[PDB]
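Trainee: First the structure, which I've put down as structure tokens, then a few questions once you've had a look.
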Number of protein chains: 2
Amino acid sequence: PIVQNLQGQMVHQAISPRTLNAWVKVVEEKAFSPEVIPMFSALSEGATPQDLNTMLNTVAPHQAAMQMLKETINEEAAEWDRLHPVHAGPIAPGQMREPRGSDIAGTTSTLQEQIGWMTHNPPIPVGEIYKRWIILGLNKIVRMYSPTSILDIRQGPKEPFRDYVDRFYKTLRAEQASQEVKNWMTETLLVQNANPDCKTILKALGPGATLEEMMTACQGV
Amino acid sequence: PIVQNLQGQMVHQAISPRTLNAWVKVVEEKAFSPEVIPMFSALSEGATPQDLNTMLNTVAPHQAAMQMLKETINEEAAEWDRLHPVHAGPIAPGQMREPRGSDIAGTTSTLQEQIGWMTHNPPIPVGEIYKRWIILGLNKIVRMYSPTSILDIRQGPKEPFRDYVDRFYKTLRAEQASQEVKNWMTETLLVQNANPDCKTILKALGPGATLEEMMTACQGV
């Protein structure tokens with residue numbers, strides 16, 4: 001992250017060892033469950049590209065996930081270079097240069113360059129964009145590691161309705177289908193795969209019933 | 001039917017043999033099911049009273065049905081004579097006379113008379129009224145031959161709801177009850193005679209639910 005010294009200047013501060021260890025525990029203990037993404041977003045709050053690469057070093061022992069992340073990052077960097085062509089000409093002495101795709105990811109840039117780029121009026125967030133690319137890669141990884149399809153999430157004969165709903169929505173978040181497909185799933189498949197008693201109640205409830213009404217009507221069933 | 005010759009004059013055309021054979025197949029193969037009436041209406045499209053009597057000759061071997069038809073036709077002809085008294089006095093040379101009950105049914109009239117009566121500005125449809133009388137007789141016949149009461153139409157334990165609805169409405173069309181009685185039947189008896197699962201769902205659905213909502217809620221039950 002970025003901190004201010006006693007002289008009022010923006011200075012980079014390294015990630016604390018226990019934050020890095022929390023990230024390591026998340027990587028090594030949760031098997032790339034969907035909750036890894038909110039935890040990564042929280043643990044990398046206000047980070048620099050060098051800090052993000054330090055956090056990514058934890059993923060390196062997982063070859064498939066790391067390769068997927070690297071492919072996503074390279075594609076995003078190529079797209080960034082395509083959409084931000086290197087202008088040929090003079091540059092104002094008071095204005096800093098434009099970083100490239102290899103520079104936002106911190107492959108060739110330095111710490112001071114990123115500190116200056118992030119701290120500006122108006123600021124151009126380089127850490128946030130790299131973080132978003134990491135999140136795209138992580139979403140792909142979570143999709144790859146998902147053990148069950150949404151079509152295989154069925155309510156147990158004695159399973160409470162709220163637990164079935166939680167499992168269903170967790171699997172839906174893992175799968176990351178299209179928005180229209182997701183809406184169709186939440187509207188139709190959730191009712192379709194319920195157990196007979198809750199299914200009868202939900203059918204009696206009618207189409208267009210909100211999730212709150214369904215959980216109310218199926219609370220003790 | 002009526003066709004126009006090369007000189008622009010209305011000329012009667014006989015019913016084609018295959019249309020008559022289709023009518024014969026309907027009469028001899030469907031046992032006076034309710035669908036006989038739409039088929040007769042389609043097959044006698046734009047017909048003359050002579051054509052209608054030709055079509056009625058097929059019904060003659062069925063003594064009860066033919067007797068019921070003849071009673072209905074005679075009653076309608078008597079009512080027509082009562083409501084259209086024979087005026088005594090002069091008749092305009094350019095205006096044709098008024099046919100009687102025995103004349104609309106083609107018992108005493110000729111082909112040219114019916115052709116002239118139907119082709120007029122404004123036209124007086126004699127074929128359509130005779131056809132409506134035939135349809136009244138056929139409705140009576142379909143009521144006579146109905147094998148089951150509406151009270152005996154009950155959904156089977158594994159019968160789909162749509163098939164039960166189709167059978168129920170076919171029987172209702174066969175029985176031809178009063179409109180208020182029919183409304184009461186469709187509103188109450190259909191729910192009453194359903195199988196337990198669909199009955200529970202429909203009771204939960206409440207009174208005043210449309211047929212579409214009921215079939216939606218009972219689709220896979």
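Naming scheme: A, B, ... for chains in displayed order of the structure tokens; residues 1 onward per chain; ligands 1 onward as shown.
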Do you have, as a tab-separated table, the list of residues of chain B lying at most 9 Å from chain A, each with its nearest atom pair and that distance in Å to one decimal, counting only C-alpha atoms and ordered by chain then number?

Mentor:
```
residue	atom	partner	partner_atom	distance
B:197	CA	A:200	CA	8.3
B:200	CA	A:204	CA	8.5
B:201	CA	A:204	CA	5.3
B:202	CA	A:204	CA	7.3
B:203	CA	A:204	CA	8.5
B:204	CA	A:204	CA	5.6
B:205	CA	A:204	CA	5.7
B:213	CA	A:206	CA	8.2
B:216	CA	A:206	CA	8.5
B:217	CA	A:203	CA	5.4
B:218	CA	A:203	CA	7.7
B:221	CA	A:200	CA	8.7
```

Trainee: Write the residues of the preceding selection, restricted to C-alpha atoms, as a compact mmCIF listing (two decimals), in the first residue's frame.

Mentor:
```
# COMPACT_ATOMS: atom_id res chain seq x y z
CA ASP B 197 -51.98 -33.75 -5.64
CA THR B 200 -54.23 -29.73 -3.17
CA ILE B 201 -52.32 -27.40 -5.51
CA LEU B 202 -55.53 -25.97 -7.00
CA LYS B 203 -57.05 -25.43 -3.55
CA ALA B 204 -53.90 -23.55 -2.56
CA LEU B 205 -54.27 -21.54 -5.79
CA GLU B 213 -52.63 -20.59 -14.12
CA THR B 216 -49.09 -23.93 -15.22
CA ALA B 217 -49.18 -24.90 -11.53
CA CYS B 218 -50.11 -28.54 -12.31
CA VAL B 221 -47.71 -33.11 -11.17
```

Trainee: For region 88-101 of chain A, please output as a PDB file with N, CA and C atoms, in the first residue's frame all residues within 6 Å (counting only C-alpha atoms; exclusion window: fewer than 3 positions along the same chain).

Mentor:
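For reference, result_34.pdb as written:
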```pdb
ATOM      1  N   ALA A  77      -3.241  -7.384 -20.773  1.00  0.00           N
ATOM      2  CA  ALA A  77      -2.165  -6.452 -21.095  1.00  0.00           C
ATOM      3  C   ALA A  77      -2.114  -6.157 -22.589  1.00  0.00           C
ATOM      4  N   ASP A  81      -2.643  -2.501 -24.268  1.00  0.00           N
ATOM      5  CA  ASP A  81      -1.728  -1.902 -25.234  1.00  0.00           C
ATOM      6  C   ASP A  81      -2.454  -1.537 -26.524  1.00  0.00           C
ATOM      7  N   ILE A 104       1.930  -2.025 -15.958  1.00  0.00           N
ATOM      8  CA  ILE A 104       0.872  -2.077 -14.953  1.00  0.00           C
ATOM      9  C   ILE A 104       0.987  -3.349 -14.124  1.00  0.00           C
TER      10      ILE A 104
END
```

Trainee: Name the residues in contact with residue 51 (chain A) at a cut-off of 8 Å, using only C-alpha atoms, excluding same-chain residues fewer than 2 positions from it; report them as an NGL selection string.

Mentor: :A and (1 or 14-15 or 47-49 or 53-55)

Trainee: Can you check which residues of chain B DSSP gives as strand (DSSP E) on the backbone and send them as a PyMOL selection string?

Mentor: chain B and resi 2-4+10-12

Trainee: When you count only C-alpha atoms, which of these residues is closest to residue 41 (chain B): B:60, B:174, B:134, B:69?

Mentor: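 Distance minimum relative to residue 41 (chain B) lands on B:134.
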
Trainee: Would you mind writing down, as an NGL selection string, each residue of region 91-197 of chain B that DSSP on the backbone assigns to alpha helix (DSSP H)?

Mentor: :B and (101-104 or 111-118 or 126-145 or 161-175 or 179-184 or 190-192 or 196-197)
